[PDB]
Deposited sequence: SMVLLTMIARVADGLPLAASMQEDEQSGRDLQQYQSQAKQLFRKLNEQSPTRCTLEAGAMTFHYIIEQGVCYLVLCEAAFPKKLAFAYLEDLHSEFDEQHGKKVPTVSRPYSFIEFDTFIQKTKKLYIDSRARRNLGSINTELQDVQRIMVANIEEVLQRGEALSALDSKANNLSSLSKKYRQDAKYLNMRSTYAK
């Protein structure tokens, strides 16, 4: 039911924007970056991975991957809605510059929207494919 969001350019896996808060990130972060690497033009546009008490959820659009982690318990239904909101906003705002940048996190400032939107999904009072992540990796 918790957080971990990363947006990365599919081709090389160049990190575009992320968001994390702890008070480990370490492990699941590697996996996330493992996935980005593997993801290509032949990969599923919308998939769900199972990694124990955890569950990865992602979508891809215009060569950009929106990945999210959280306790499996979290609504898979709510997970993608969360990603969709990010997409449109992001594509609308930076969709056309993505294929030109080369620095890691050249959109850290997308940090704000991610978190203001992240909260609208992690509070019950405000209201595809599945594979063991261990595989794809």
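Q: Report the unmodelled segments of the deposited sequence as residue ranges counted from 1.
A: No C-alpha for residues 1, 25-29, 134-148, 159-196.
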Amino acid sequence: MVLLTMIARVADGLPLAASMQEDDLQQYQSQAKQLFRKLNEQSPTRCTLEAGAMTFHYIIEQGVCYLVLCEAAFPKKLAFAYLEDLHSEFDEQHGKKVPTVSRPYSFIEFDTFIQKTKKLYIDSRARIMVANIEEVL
From here on, numbers count along this sequence of modelled residues.
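Q. Going by the B-factors listed in the PDB entry, is the mean over the C-alpha atoms higher for 103-111 or for 26-34?
A. According to the PDB entry, the answer is 26-34.
Q: Averaging the C-alpha B factors as listed in the entry, name the stretch that ends up higher: 81-89 or 58-66.
A: Result: 81-89.
Q) Against its chain's modelled residues, does residue 116's Cα B factor rank lowest, middle or highest third? A) Residue 116: CA B-factor falls in the middle third of its chain.
Q | Relative C-alpha B-factor of residue 8, binned into the chain's lowest, middle or highest third | A | Its C-alpha B-factor, which the entry lists for residue 8, ranks in the lowest third among residues of this chain.
Q) Should residue 39 be placed in the lowest, middle or highest third of its chain by the C-alpha B factor in the entry? A) Within its chain, residue 39 is a lowest-third residue by C-alpha B-factor, going by the deposited values.
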